[PDB]
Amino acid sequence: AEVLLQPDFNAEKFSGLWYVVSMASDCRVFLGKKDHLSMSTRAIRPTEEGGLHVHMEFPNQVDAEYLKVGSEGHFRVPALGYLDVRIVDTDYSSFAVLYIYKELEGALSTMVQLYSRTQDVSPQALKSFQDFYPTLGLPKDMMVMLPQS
């Protein structure tokens, strides 16, 4: 169930506004509130040492610093308990698939998020996400298509 970083990750092209449009996770907290969640935004700017500063908005506002780990596109986010974040696939102009390994009150879980440059998810964006999350052992029952708030 290999999670390989997309090569030559470019933080400047990854900057700007994204919508979280789909999610899949074995996190019991996520699974409990799955159908109550709504689409949210991630507004990104690149920082020094190849990191990202992410302004999250949930129509509450949370900021998070994505710190570079082993290479470009590989991050850790102490503010959110994300131990490992990998940008798996992105075309920079319409979508991105993120892999997250996180800790929440001692529980370790896997999460996959689909970013879109708009509220509408293109069939290409959806195909990349739907082909990817089952490879991690995550069934369709652990996936949600986020509605607009």
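Position 1 is the first residue in the sequence shown; the rest follow in order.
Where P59 meets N60 in the shown sequence, the number of deposited residues left unmodelled: Missing residues, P59 to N60: 4 to 9.
Mean C-alpha B-factor comparison - 63 to 71 and 103 to 111, higher one: According to the PDB entry, the answer is 103 to 111.
Between the two ranges 28 to 36 and 46 to 54, the one averaging a larger CA B factor in the entry: Of 28 to 36 and 46 to 54, the stretch with the higher C-alpha B-factor average is 28 to 36.
Selection by C-alpha B-factor (highest) of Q124, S116, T90, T41: Among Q124, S116, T90, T41, the PDB entry lists the largest C-alpha B-factor for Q124.
Among modelled residues of the same chain, the CA temperature factor third for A11: According to the entry, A11 has a C-alpha B-factor in the chain's lowest third.
Ranked against its chain, the third holding the CA B-factor of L136: Ranked within chain, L136 CA B lands in the highest tercile.
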